[PDB]
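Before any questions on how it binds or moves, here is one chain, the form deposited in one PDB entry, in structure tokens.
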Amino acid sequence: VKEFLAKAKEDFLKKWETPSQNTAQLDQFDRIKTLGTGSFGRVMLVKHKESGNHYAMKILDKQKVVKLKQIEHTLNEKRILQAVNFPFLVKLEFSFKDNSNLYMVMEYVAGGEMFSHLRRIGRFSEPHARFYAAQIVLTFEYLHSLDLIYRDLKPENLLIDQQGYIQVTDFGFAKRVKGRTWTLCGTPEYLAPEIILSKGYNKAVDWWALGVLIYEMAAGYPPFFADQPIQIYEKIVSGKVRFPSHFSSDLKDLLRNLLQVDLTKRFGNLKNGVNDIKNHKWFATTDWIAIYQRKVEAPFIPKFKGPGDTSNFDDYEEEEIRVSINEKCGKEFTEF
């Protein structure tokens, strides 16, 4: 892996250092329907006029971004996503801005969020959860080797593609950092205790969040839940975790090592790095290269009926995409 990652870093750094800009414009697409939303962004299925291809267009209102103090995070999101390349990371096809909004146009991943399948089916069997987990382990090995921390792992940000494999989306909190950082950001159920306790933290928070993800996939509910975030933070900080009766002993052992409040003990954070996870008994049946190569049979393949089908996505209320005749926040977003 060390040879592959070295070359991967060279490729990434060229793009990190000279990012792509302004590679499309709004009137090149017809907007069709909203696919999903987050706290201040909307992603729409669109059709590109000259190619006929569909894409997923993330639209951010620049004034909302500034009001919520997310300028730096948004510049991070686009600078990093345009620079990465890995089989389980969604591809950014175009980006541009206009007087009012920022646009990130990705490949459309039609199989829907992992979230919706997970809630509907209830939970995933351990082989099913393990197939998805292995892809995240490989993706975090890749991202961390570029000095990137991802910081927002959750089923709502994981899309299932037409072959049943994962595409990670939402680089909103991704950040290139050597050593520690302090921003309180993420999703409450997925936050590592060191984030909540404000002491400064590093890429080990992504391995914690992997533990949450695996738990939630295999249990059908998170290891720490409640009706309000403060109550969740209390449970995370207690760190007490209880497991469903049906979890295997191997899964329980892995999760105690990922949901480890002690950073000198947390898997992914030790001397052997990601190999403590890759070599754990729960992953004994996983062929790590075949996963990378996408040669493993997926446990589940969402129905797909045609270019532009959105039936694997919930419906959303639509709103006008307004573009003012006055430029908003031009200086702030110059490099976008």
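For the two forms, the rigid core is made up of the largest set of C-alpha atoms that agree within 1.5 Å on superposition. The numbering used is simple: start at 1 and walk along the sequence shown.
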- Query: How about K305: is it missing from at least a third of the other entries compared?
  - Reply: yes
Worksheet entry | Entries skipping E319: at least a third of other ones | no
Avg C-alpha B-factor, entry values, 65-73 vs 271-279, higher side is 271-279
Looking only at C-alpha temperature factors in the entry, 235-243 or 187-195, the higher average sits in 235-243
Scanning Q28, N53, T34, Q293 for peak Cα temperature factor in the entry gives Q293
Top Cα B-factor in this entry, restricted to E156, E141, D227, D206, sits on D227
Of the three thirds of Cα B-factor ranks in this chain, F333 occupies the middle
Entry-reported C-alpha B-factor of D262 relative to its chain, by third, is highest
Of the three thirds of Cα B-factor ranks in this chain, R119 occupies the lowest
Tertile call for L13 (CA temperature factor, within chain, third-based) is the middle
Temperature factor at the Cα of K303, chain-ranked in thirds, falls in the highest
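One more form of this protein should be noted, the form deposited in another entry, which is absent from this view; the next part is about it.
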Core-aligned between the shown form and the other one, the sole member of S100, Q260, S116, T139 showing a Cα shift of 2 Å or more is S100
Given a superposition on the rigid core, I'd like a yes or no on whether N275 shifts its C-alpha by 2 Å or more between the shown form and the other one. no
| Is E72 among the residues whose Cα moves by 2 Å or more between the shown form and the other one after superposition of the rigid core? | yes
Rigid core superposition, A290 Cα moves 2 angstroms or more between the shown form and the other one:
no
